[PDB]
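Inspection log for the structure reproduced underneath, given as structure tokens.
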4 protein chains.
Amino acid sequence: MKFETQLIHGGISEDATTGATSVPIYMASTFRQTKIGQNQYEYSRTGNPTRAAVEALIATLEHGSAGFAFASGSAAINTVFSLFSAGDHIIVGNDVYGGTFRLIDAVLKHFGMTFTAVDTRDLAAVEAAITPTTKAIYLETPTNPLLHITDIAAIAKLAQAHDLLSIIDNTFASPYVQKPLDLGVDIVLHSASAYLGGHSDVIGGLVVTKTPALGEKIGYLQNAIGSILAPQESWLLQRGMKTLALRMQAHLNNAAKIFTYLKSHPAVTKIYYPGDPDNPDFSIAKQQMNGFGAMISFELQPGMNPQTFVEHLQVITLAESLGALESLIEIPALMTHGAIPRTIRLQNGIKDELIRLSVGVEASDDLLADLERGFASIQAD
Amino acid sequence: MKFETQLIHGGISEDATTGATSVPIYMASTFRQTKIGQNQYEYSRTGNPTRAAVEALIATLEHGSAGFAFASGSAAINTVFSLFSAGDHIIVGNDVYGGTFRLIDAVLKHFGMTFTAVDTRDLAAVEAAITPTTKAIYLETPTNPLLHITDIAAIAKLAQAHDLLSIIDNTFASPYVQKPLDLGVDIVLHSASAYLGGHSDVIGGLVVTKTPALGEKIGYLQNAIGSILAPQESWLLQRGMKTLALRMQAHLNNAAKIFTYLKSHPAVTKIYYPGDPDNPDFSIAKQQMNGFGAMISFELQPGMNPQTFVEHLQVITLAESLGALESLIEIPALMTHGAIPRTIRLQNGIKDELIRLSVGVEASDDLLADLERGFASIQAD
Amino acid sequence: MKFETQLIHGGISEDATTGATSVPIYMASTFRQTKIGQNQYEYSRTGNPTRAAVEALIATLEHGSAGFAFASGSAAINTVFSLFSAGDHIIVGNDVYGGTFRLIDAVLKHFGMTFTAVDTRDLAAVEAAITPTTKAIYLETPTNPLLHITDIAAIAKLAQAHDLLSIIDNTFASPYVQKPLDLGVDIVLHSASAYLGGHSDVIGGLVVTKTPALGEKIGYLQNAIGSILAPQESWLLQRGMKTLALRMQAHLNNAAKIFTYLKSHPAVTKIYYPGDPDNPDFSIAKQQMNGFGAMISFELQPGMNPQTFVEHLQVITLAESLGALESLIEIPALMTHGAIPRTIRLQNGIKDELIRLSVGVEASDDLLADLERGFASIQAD
Amino acid sequence: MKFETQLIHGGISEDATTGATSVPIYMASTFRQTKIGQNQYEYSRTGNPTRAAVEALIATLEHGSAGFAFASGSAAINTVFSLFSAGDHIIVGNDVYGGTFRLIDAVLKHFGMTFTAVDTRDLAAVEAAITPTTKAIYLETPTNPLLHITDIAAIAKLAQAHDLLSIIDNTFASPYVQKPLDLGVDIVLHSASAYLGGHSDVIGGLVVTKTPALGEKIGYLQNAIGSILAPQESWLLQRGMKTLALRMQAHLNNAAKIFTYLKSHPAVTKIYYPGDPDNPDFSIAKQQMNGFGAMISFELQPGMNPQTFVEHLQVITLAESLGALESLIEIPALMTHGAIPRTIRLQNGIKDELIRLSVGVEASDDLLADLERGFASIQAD
Ligand SMILES: Cc1ncc(COP(=O)(O)O)c(/C=N/[C@@H](CO)C(=O)O)c1O
Ligand SMILES: Cc1ncc(COP(=O)(O)O)c(/C=N/[C@@H](CO)C(=O)O)c1O
Ligand SMILES: Cc1ncc(COP(=O)(O)O)c(/C=N/[C@@H](CO)C(=O)O)c1O
Ligand SMILES: Cc1ncc(COP(=O)(O)O)c(/C=N/[C@@H](CO)C(=O)O)c1O
């Protein structure tokens with residue numbers, strides 16, 4: 001079936017017993033067994049029909065064999081790194097979500113894991129960073145918040161040639177835009193809190209593995225650590241995923257128009273956007289991404305107050321998060337990336353004045369009218 | 001106010017703005033800020049009114065400074081142990097939940113943490129286990145499934161004398177029965193999937209710390225690892241907790257009667273129960289526990305089949321989990337503790353014939369009649 | 001099985017397919033049919049597993065044939081009265097909930113139904129009100145808010161002798177106190193928003209009938225009018241219902257003490273309470289009720305301001321509704337019964353000075369202490 | 001703001017106090033009052049923040065003054081008809097949903113209301129039916145299931161000239177397609193179970209009045225009869241509504257392709273579709289509808305078994321209901337319209353073999369392949 005049909009009917013989308021057109025929400029913590037060990041479900045944390053349903057869906061969408069739903073994107077990441085042990089070495093991208101930087105520095109390094117940050121746009125630099133004790137490569141593409149694009153297929157071949165896990169954080173793209181397991185990657189994960197839920201009303205994470213052997217290891221850690229996605233939220237997450245494609249098209253059309261409009265403003269000095277033809281990422285972006293994503297970051301002229309700008313928007317919402325129906329806007333350095341020290345932020349290209357815009361699905365004319373309220377307030381229209 | 005009043009009115013139990021006699025379920029993933037950094041709430045994972053309310057309530061019930069709600073009891077444990085680093089040594093009780101055994105051996109030991117199992121009923125053995133790298137003592141009391149009682153106040157003073165964190169799993173008792181923070185312990189935690197929820201319909205974990213400094217450390221890990229309790233399920237947990245005292249009184253009266261009845265039966269060779277006066281635990285049980293719990297384990301004569309016994313009950317339910325309104329029953333070696341290898345199980349007192357019974361709140365007469373069906377099926381009435 | 005056991009296991013309390021210890025929440029609106037006319041469920045309004053479970057349970061608890069769940073007690077009453085046609089005449093008790101009065105006067109009378117209000121304590125006056133076009137007798141017992149007791153068995157015999165439907169609103173008592181169908185009544189109904197839900201967090205109605213024929217007519221109207229209880233709230237209602245006996249014991253015990261205490265206060269001139277032995281209803285109360293309920297109304301000395309009294313309570317909550325874990329208090333003339341005109345209020349016994357107290361399950365000591373802050377604020381303790 | 005922007009941000013879409021980007025779910029049945037009569041909310045049936053939010057939203061979308069949410073479409077209709085009295089006469093269309101027919105015949109006629117069914121496409125017949133006791137005109141447009149289009153503006157002018165209420169069931173269109181209040185109508189109502197919820201997972205109804213005087217009457221009846229939409233489902237409805245415009249566009253695009261495809265199949269003898277240019281309703285549809293709807297009904301050649309056809313579809317689901325993300329199909333005479341007697345069905349144009357297809361948003365190639373499987377099974381490809 002085609003992708004839009006899989007959103008509506010893929011995974012488990014029905015209750016086989018009743019024919020119900022929605023997967024029932026199994027709040028039950030436990031399950032009566034008639035003879036020990038022959039039940040399909042035993043304990044809600046270990047598995048239950050509602051969570052299994054959204055888990056089957058994301059596996060279908062990402063073209064993986066197994067999916068796993070977690071209480072948050074961060075918990076999904078924490079579980080995946082629980083594959084590694086003291087003395088393992090990991091290669092990480094140098095533009096990541098501030099919370100992933102926090103997990104690495106404040107938790108995983110205490111467990112004896114060691115990390116080297118690399119610009120994964122430079123595959124020479126990636127291969128140079130590989131050591132005999134290296135075990136995996138972890139990167140987001142496009143990145144949070146600079147939207148750097150990494151050649152996934154190239155990273156995956158590099159990874160295969162050295163017996164490394166390749167791990168792609170696919171949050172920003174979504175399986176509608178990018179299916180990294182189709183490019184050789186071992187593990188893909190999402191913060192479902194963004195596009196996959198899409199309604200600004202659910203926190204969760206998703207992991208999909210290509211092979212069943214790696215699925216058995218993730219599933220074992222999922223049950224062992226217990227950072228599971230609750231049944232109500234699993235159900236809400238699936239419901240929102242059903243409109244993923246319809247939402248994404250609106251998202252992407254609106255972003256294309258926002259980019260063009262942002263470039264028509266002299267108040268804007270720099271724009272980060274995978275669809276910029278001047279951007280040297282642009283060719284690998286058009287090859288591996290179905291569209292250019294709905295994130296855009298930009299700087300204003302050095303005299304211009306970003307706080308003043310974002311605080312004078314009226315449709316666009318000043319908030320953390322992204323991928324919601326409503327446009328969200330943020331200053332990474334004061335908000336989602338405050339967890340990264342300022343000196344490190346600035347070495348890796350996150351200026352204190354950078355603005356991150358998650359383009360919603362509102363009417364584009366209303367969005368542009370709103371953005372000009374922001375330019376007007378810094379004398380820049 | 002008194003405990004029962006606190007269940008209904010404590011923590012946050014009301015919406016201040018409207019007067020709503022229930023805390024609203026905040027499904028929102030994010031919050032509009034009017035200025036950056038002035039919001040009370042910024043991102044659902046970091047905090048939201050709904051999860052905050054149940055966190056406040058368990059903190060009041062346990063007489064602590066701060067509460068923290070997690071996707072499950074296992075996720076609470078995993079977060080607590082992320083306080084520690086590679087090379088840290090931890091003393092654990094030798095009778096723990098099978099999954100806590102699982103997490104320690106399969107995950108925590110890969111992070112460079114080391115562990116020594118000890119009968120925490122023998123305080124000299126505990127002190128003998130303390131090494132220069134030791135960082136904490138972790139134990140359940142009563143234990144799962146043998147219901148061994150440990151002198152909490154003694155363990156705390158031992159831990160304080162050597163700069164250790166004392167961590168008590170209070171799942172089997174609940175704050176109605178046992179308030180470890182009142183006996184000097186540093187951290188108390190729960191699988192909320194038992195008595196606190198009480199209705200067999202929610203998976204969750206709760207952690208309470210005495211001091212605000214330890215609270216800031218748990219809170220930071222909770223946000224950084226992200227195994228939060230979702231909003232809907234936090235609300236459901238708080239709702240169940242409101243009837244904790246009424247449920248607990250009923251649980252406890254049925255368990256008293258179940259204990260008397262199981263001793264009148266010659267088919268039962270051994271009974272594990274804190275209210276047993278033949279138990280050497282009995283004196284400490286009576287001193288630190290308000291009631292003897294509603295868990296009971298027992299063995300049948302070596303001829304008799306426990307699998308047959310449990311499969312012939314019709315009110316008591318054969319399943320995992322405990323602490324629900326419905327009586328639950330289980331064979332640990334085939335179920336909740338099959339994650340511990342057989343050699344270590346029998347070395348530590350868990351025979352394969354052992355039956356664990358979670359005494360519910362049904363009419364006691366309907367419960368004894370049901371147990372008589374199981375005895376009759378192995379010719380032993 | 002005994003009542004407490006039925007609460008936990010009666011009606012439908014588990015999912016037969018998986019063994020889930022909770023009935024799953026079927027959010028689906030519709031159900032795939034394989035062959036037309038062969039599905040168990042077709043459309044969620046007509047029926048679904050979640051609502052069916054709570055309907056089955058209340059039917060067990062009330063000793064009836066069929067249960068029906070509505071969006072509120074008002075909607076339940078509206079559907080029951082849709083049994084009747086223009087020209088039909090109904091005898092009603094003269095102390096009914098203000099909203100039942102409003103339905104009758106504002107809606108049902110426009111449908112050509114006619115009504116005589118009668119003190120159903122006086123059976124001779126009930127018989128004198130029976131007319132050639134009379135079809136039914138409808139009353140609450142105990143009444144809202146004067147807690148008048150009517151002889152249920154006698155009213156049924158009277159109704160049977162003239163081919164009338166007898167309808168008892170059982171909200172204040174609950175099946176724990178009073179099972180009207182056991183006394184010959186044709187239809188029993190509840191505002192489940194009170195004791196049955198128990199947690200101040202669900203709006204709902206319930207109807208149970210004795211015979212299947214009357215059940216077919218109520219069910220037909222339920223589906224035709226469509227005032228159904230949604231699945232989420234059906235599941236929440238059933239979960240509340242499981243603790244009904246535990247909660248009721250507590251409610252009843254506190255209300256006993258509250259009554260004793262309110263008689264010791266000279267500021268209280270009059271007390272309405274079915275457990276009052278100076279009450280002429282007391283004997284029939286003791287014969288048809290299992291406990292005297294947990295409502296109490298009372299008046300202060302004419303100088304004393306009831307608004308002052310209730311506004312100075314700190315544990316008792318000033319609000320509408322009743323039957324919650326937490327104590328609620330209210331002034332009917334100003335609140336739940338302001339829908340009745342003041343002249344009709346006074347002729348039927350509801351003074352503007354009247355205070356109605358819904359006794360919760362807080363510790364009785366904290367409740368008596370709270371009540372004396374009320375008395376203190378009008379200089380009367 | 002534009003329609004697509006109002007979906008995301010109109011009505012009440014935020015929590016004012018916390019800035020939550022989703023309206024909180026107020027499960028509370030009641031609200032503490034500080035001084036009597038000064039609360040914004042007093043009782044959840046009478047109103048609560050969550051239901052108020054979706055009520056504001058639908059009022060904005062339909063360009064009306066006030067919105068009202070009910071437990072189902074049928075309950076919304078039942079409440080609107082409680083505006084009328086015994087002796088009142090109502091004019092109805094002759095093609096209505098089977099349940100509206102049932103409500104009229106089995107309930108409202110018992111209340112002394114009288115009805116005359118009329119082809120509302122024939123304005124002369126409408127005028128001919130107006131009597132001195134007539135008070136309203138009620139019709140769906142498009143109708144269920146023949147999709148008959150009525151000139152709404154003309155019907156409103158007719159009703160204005162005789163001081164009648166015009167009531168339009170707008171379920172099949174959705175406010176994205178059709179806004180009857182902009183054409184002079186007094187009341188618009190929906191079964192929100194269709195396109196508004198959009199996800200096959202909510203039952204509810206909506207009513208919107210143009211004037212505030214009519215709003216006060218509807219609101220008074222809503223509270224008095226109590227057929228409210230519960231808080232959980234109110235919130236789900238609103239979340240579904242947020243994607244209404246994105247879903248509708250996909251709906252309508254698929255329906256145009258399905259219509260073309262069905263017209264090229266000789267097995268199809270008659271098609272009912274508002275966008276058929278040979279349909280005499282085409283011009284009025286083009287003029288008053290923003291698109292032709294996503295419903296299609298059709299008949300096959302007299303030899304061909306419609307049951308065989310629909311039972312061989314694999315993406316299209318045989319089930320009641322409509323307006324869902326997934327395609328639904330149905331045979332009205334055996335299903336949604338079985339409540340109308342067969343003789344009356346055939347008099348008014350519903351043949352026993354009519355098929356009613358609710359076009360979903362699956363990929364159109366997958367839908368066309370699926371329809372082929374149905375035609376193949378009747379030897380008609
Ligand atoms: C690329 C990526 N991976 C993982 C996560 C973490 O996932 P949860 O938020 O725990 O669900 C995030 C979160 N980022 C949001 C929230 O701060 C934001 O930047 O605004 C992310 O952007
Ligand atoms: C003393 C203790 N601590 C932690 C946990 C782990 O808590 P979650 O299940 O993750 O909520 C449990 C679980 N025990 C149940 C579950 O199988 C059981 O044994 O039947 C426990 O008993
Ligand atoms: C004896 C009785 N029957 C029916 C109803 C109507 O029940 P819903 O509220 O529609 O569920 C009520 C409600 N009374 C509450 C609420 O005002 C109260 O008096 O405080 C009632 O007390
Ligand atoms: C034009 C119209 N108005 C009102 C209703 C009644 O609305 P609820 O179902 O009570 O929400 C319906 C329902 N019809 C659906 C379900 O049978 C169907 O035909 O498949 C309707 O189609």
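By order in the structure tokens, chains are A, B, ...; within a chain, residues start at 1; ligands start at 1, following the order shown.
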
Using only C-alpha atoms and all ligand atoms, what are the residues with an atom within 7 Å of ligand 1, set out as a ChimeraX atom specification?
/A:72-75,96-97,99-100,140,143-144,169,171-172,190-193,203-205,320-322,336 /B:45,226

Given the selection you just returned, output its residues as a file containing C-alpha atoms, formatted as an mmCIF file, in the first residue's frame.
```cif
data_model
loop_
_atom_site.group_PDB
_atom_site.id
_atom_site.type_symbol
_atom_site.label_atom_id
_atom_site.label_comp_id
_atom_site.auth_asym_id
_atom_site.auth_seq_id
_atom_site.Cartn_x
_atom_site.Cartn_y
_atom_site.Cartn_z
ATOM 1 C CA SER A 72 9.673 10.595 25.778
ATOM 2 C CA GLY A 73 12.223 11.087 23.046
ATOM 3 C CA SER A 74 14.889 11.467 25.724
ATOM 4 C CA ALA A 75 13.933 8.154 27.352
ATOM 5 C CA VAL A 96 22.376 18.018 18.625
ATOM 6 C CA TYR A 97 19.399 18.747 20.824
ATOM 7 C CA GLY A 99 18.945 17.521 25.974
ATOM 8 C CA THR A 100 20.980 14.933 24.104
ATOM 9 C CA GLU A 140 20.510 14.022 13.930
ATOM 10 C CA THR A 143 20.175 19.043 13.135
ATOM 11 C CA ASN A 144 18.604 20.913 16.060
ATOM 12 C CA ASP A 169 17.617 10.728 15.154
ATOM 13 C CA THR A 171 12.741 13.626 14.624
ATOM 14 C CA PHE A 172 13.061 16.729 12.418
ATOM 15 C CA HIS A 190 12.118 9.939 17.008
ATOM 16 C CA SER A 191 10.881 12.261 19.644
ATOM 17 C CA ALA A 192 7.236 11.523 18.862
ATOM 18 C CA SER A 193 6.469 14.720 20.809
ATOM 19 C CA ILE A 203 5.240 13.405 24.986
ATOM 20 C CA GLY A 204 6.782 10.175 23.758
ATOM 21 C CA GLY A 205 9.590 8.507 21.908
ATOM 22 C CA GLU A 320 9.675 25.129 23.242
ATOM 23 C CA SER A 321 8.935 22.069 21.081
ATOM 24 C CA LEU A 322 8.299 21.840 17.344
ATOM 25 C CA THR A 336 16.131 24.381 24.280
ATOM 26 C CA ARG B 45 8.460 16.555 30.245
ATOM 27 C CA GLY B 226 12.797 11.560 30.661
#
```

What residues in chain C lie within 6 Å of chain A, counting only C-alpha atoms, written as a PyMOL selection string?
chain C and resi 19-22+24-26+28+31-32

Find the residues near segment 294-300 of chain A: any atom within 10 Å, counting only C-alpha atoms, skip ones fewer than 6 places away on the same chain, and give them as a PDB file with C-alpha atoms, in the first residue's frame.
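Generated output (out25.pdb):
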```pdb
ATOM      1  CA  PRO A 142      18.613  17.778   9.922  1.00  0.00           C
ATOM      2  CA  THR A 143      20.175  19.043  13.135  1.00  0.00           C
ATOM      3  CA  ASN A 144      18.604  20.913  16.060  1.00  0.00           C
ATOM      4  CA  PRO A 145      18.760  23.900  15.497  1.00  0.00           C
ATOM      5  CA  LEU A 146      21.147  24.563  12.583  1.00  0.00           C
ATOM      6  CA  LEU A 147      19.561  22.042  10.185  1.00  0.00           C
ATOM      7  CA  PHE A 172      13.061  16.729  12.418  1.00  0.00           C
ATOM      8  CA  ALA A 173      12.438  14.978   9.095  1.00  0.00           C
ATOM      9  CA  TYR A 195       5.618  15.785  14.091  1.00  0.00           C
ATOM     10  CA  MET A 248       3.466  17.334   6.568  1.00  0.00           C
ATOM     11  CA  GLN A 249       2.348  18.613   3.139  1.00  0.00           C
ATOM     12  CA  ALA A 250       0.856  21.691   4.779  1.00  0.00           C
ATOM     13  CA  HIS A 251       3.979  22.092   6.922  1.00  0.00           C
ATOM     14  CA  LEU A 252       6.328  21.869   3.938  1.00  0.00           C
ATOM     15  CA  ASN A 253       4.345  24.206   1.665  1.00  0.00           C
ATOM     16  CA  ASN A 254       4.225  26.810   4.423  1.00  0.00           C
ATOM     17  CA  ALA A 255       7.966  26.517   5.085  1.00  0.00           C
ATOM     18  CA  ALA A 256       8.796  26.981   1.401  1.00  0.00           C
ATOM     19  CA  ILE A 258       8.377  31.328   4.779  1.00  0.00           C
ATOM     20  CA  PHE A 259      11.884  30.811   3.410  1.00  0.00           C
ATOM     21  CA  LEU A 262      12.550  35.574   4.969  1.00  0.00           C
ATOM     22  CA  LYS A 263      15.048  36.029   2.133  1.00  0.00           C
ATOM     23  CA  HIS A 265      13.973  40.878   4.188  1.00  0.00           C
ATOM     24  CA  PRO A 266      17.216  42.838   4.646  1.00  0.00           C
ATOM     25  CA  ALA A 267      16.738  42.532   8.430  1.00  0.00           C
ATOM     26  CA  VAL A 268      17.698  38.836   8.038  1.00  0.00           C
ATOM     27  CA  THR A 269      21.464  38.224   7.746  1.00  0.00           C
ATOM     28  CA  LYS A 270      21.595  34.412   7.787  1.00  0.00           C
ATOM     29  CA  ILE A 271      19.051  31.667   7.150  1.00  0.00           C
ATOM     30  CA  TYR A 272      19.410  27.983   7.952  1.00  0.00           C
ATOM     31  CA  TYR A 273      17.128  25.842   5.755  1.00  0.00           C
ATOM     32  CA  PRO A 274      17.827  22.611   3.843  1.00  0.00           C
ATOM     33  CA  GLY A 275      16.044  24.043   0.792  1.00  0.00           C
ATOM     34  CA  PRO A 306      15.475  38.703  18.830  1.00  0.00           C
ATOM     35  CA  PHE A 309      10.892  40.114  17.652  1.00  0.00           C
ATOM     36  CA  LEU A 322       8.299  21.840  17.344  1.00  0.00           C
ATOM     37  CA  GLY A 323       6.266  19.932  14.780  1.00  0.00           C
ATOM     38  CA  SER A 327       3.735  27.584  14.541  1.00  0.00           C
ATOM     39  CA  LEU A 328       6.257  27.598  17.385  1.00  0.00           C
ATOM     40  CA  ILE A 329       9.258  29.894  17.738  1.00  0.00           C
ATOM     41  CA  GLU A 330      12.207  29.950  20.086  1.00  0.00           C
ATOM     42  CA  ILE A 331      15.670  31.300  20.784  1.00  0.00           C
ATOM     43  CA  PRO A 332      17.729  28.091  21.203  1.00  0.00           C
ATOM     44  CA  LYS A 351      24.751  32.290  18.179  1.00  0.00           C
ATOM     45  CA  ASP A 352      22.928  33.813  21.136  1.00  0.00           C
ATOM     46  CA  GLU A 353      20.718  35.668  18.646  1.00  0.00           C
ATOM     47  CA  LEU A 354      19.655  32.659  16.558  1.00  0.00           C
ATOM     48  CA  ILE A 355      15.907  32.186  16.102  1.00  0.00           C
ATOM     49  CA  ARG A 356      14.323  28.768  15.491  1.00  0.00           C
ATOM     50  CA  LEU A 357      10.950  28.671  13.755  1.00  0.00           C
ATOM     51  CA  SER A 358       8.805  25.550  13.521  1.00  0.00           C
ATOM     52  CA  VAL A 359       6.394  26.370  10.713  1.00  0.00           C
ATOM     53  CA  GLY A 360       2.821  25.343  11.504  1.00  0.00           C
ATOM     54  CA  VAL A 361      -0.120  24.644   9.223  1.00  0.00           C
ATOM     55  CA  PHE A 375       9.866  42.835  11.912  1.00  0.00           C
ATOM     56  CA  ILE A 378      12.404  46.100  15.480  1.00  0.00           C
ATOM     57  CA  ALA A 380      12.844  46.439   9.963  1.00  0.00           C
TER      58      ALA A 380
END
```

DSSP strand (DSSP E) residues within segment 56-292 of chain D, listed as a PyMOL selection string:
chain D and resi 66-70+89-93+114-118+134-140+165-169+187-191+205-209+268-272

Expected file contents, prior selection, C-alpha atoms, as a PDB file, in the first residue's frame:
```
ATOM      1  CA  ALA D  66     -22.951  30.317  20.641  1.00  0.00           C
ATOM      2  CA  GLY D  67     -22.013  26.651  20.438  1.00  0.00           C
ATOM      3  CA  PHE D  68     -23.421  23.612  22.249  1.00  0.00           C
ATOM      4  CA  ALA D  69     -21.841  20.166  22.532  1.00  0.00           C
ATOM      5  CA  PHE D  70     -23.997  17.074  23.081  1.00  0.00           C
ATOM      6  CA  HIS D  89     -46.177  21.459  13.457  1.00  0.00           C
ATOM      7  CA  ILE D  90     -42.769  20.853  11.847  1.00  0.00           C
ATOM      8  CA  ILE D  91     -41.857  20.496   8.165  1.00  0.00           C
ATOM      9  CA  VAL D  92     -39.113  17.937   7.540  1.00  0.00           C
ATOM     10  CA  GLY D  93     -37.316  16.716   4.488  1.00  0.00           C
ATOM     11  CA  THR D 114     -46.941  16.788  14.142  1.00  0.00           C
ATOM     12  CA  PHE D 115     -44.818  16.501  11.035  1.00  0.00           C
ATOM     13  CA  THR D 116     -45.122  16.673   7.262  1.00  0.00           C
ATOM     14  CA  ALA D 117     -42.361  15.257   5.052  1.00  0.00           C
ATOM     15  CA  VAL D 118     -41.589  17.247   1.931  1.00  0.00           C
ATOM     16  CA  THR D 134     -46.170  25.350  11.784  1.00  0.00           C
ATOM     17  CA  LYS D 135     -43.084  26.473  13.695  1.00  0.00           C
ATOM     18  CA  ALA D 136     -39.983  25.134  11.944  1.00  0.00           C
ATOM     19  CA  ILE D 137     -38.411  23.555   8.883  1.00  0.00           C
ATOM     20  CA  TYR D 138     -35.844  20.806   9.433  1.00  0.00           C
ATOM     21  CA  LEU D 139     -33.638  19.337   6.721  1.00  0.00           C
ATOM     22  CA  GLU D 140     -30.239  17.830   6.001  1.00  0.00           C
ATOM     23  CA  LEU D 165     -37.136  28.492  12.775  1.00  0.00           C
ATOM     24  CA  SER D 166     -34.953  27.083  10.008  1.00  0.00           C
ATOM     25  CA  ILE D 167     -32.867  24.104  11.211  1.00  0.00           C
ATOM     26  CA  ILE D 168     -30.147  22.617   8.951  1.00  0.00           C
ATOM     27  CA  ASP D 169     -28.359  19.347   9.732  1.00  0.00           C
ATOM     28  CA  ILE D 187     -29.889  26.731  13.832  1.00  0.00           C
ATOM     29  CA  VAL D 188     -27.111  24.571  12.409  1.00  0.00           C
ATOM     30  CA  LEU D 189     -26.258  21.209  13.978  1.00  0.00           C
ATOM     31  CA  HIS D 190     -23.880  18.319  13.343  1.00  0.00           C
ATOM     32  CA  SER D 191     -23.235  14.784  14.287  1.00  0.00           C
ATOM     33  CA  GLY D 205     -23.151  16.374  18.496  1.00  0.00           C
ATOM     34  CA  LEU D 206     -22.820  20.117  18.018  1.00  0.00           C
ATOM     35  CA  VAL D 207     -25.406  22.886  17.747  1.00  0.00           C
ATOM     36  CA  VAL D 208     -24.712  26.521  16.834  1.00  0.00           C
ATOM     37  CA  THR D 209     -27.217  29.377  16.963  1.00  0.00           C
ATOM     38  CA  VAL D 268     -23.011   1.140 -12.134  1.00  0.00           C
ATOM     39  CA  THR D 269     -26.524   2.194 -13.270  1.00  0.00           C
ATOM     40  CA  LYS D 270     -27.132   5.233 -11.072  1.00  0.00           C
ATOM     41  CA  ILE D 271     -24.810   7.529  -9.132  1.00  0.00           C
ATOM     42  CA  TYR D 272     -25.840  10.029  -6.464  1.00  0.00           C
TER      43      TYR D 272
END
```

Please provide as a list in words all residues within 9 Å of residue 238 of chain D, with the sequence filter that same-chain residues fewer than 2 positions apart are discarded (counting only C-alpha atoms).
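My list of contacting residues is residues 7, 13, 53, 54, 55, 57, 58, 196, 197, 233, 234, 235, 236, 240, 241 and 242 of chain D.
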
Please compute the atom CA of residue 343 of chain D-atom CA of residue 103 of chain D distance, one decimal, in Å.
18.4 Å

Check segment 101-320 of chain C with DSSP on the backbone and list each residue it calls alpha helix (DSSP H), as an MDAnalysis selection string.
chainID C and resid 101:106 123:128 152:160 212:225 231:241 244:263 282:288 306:311
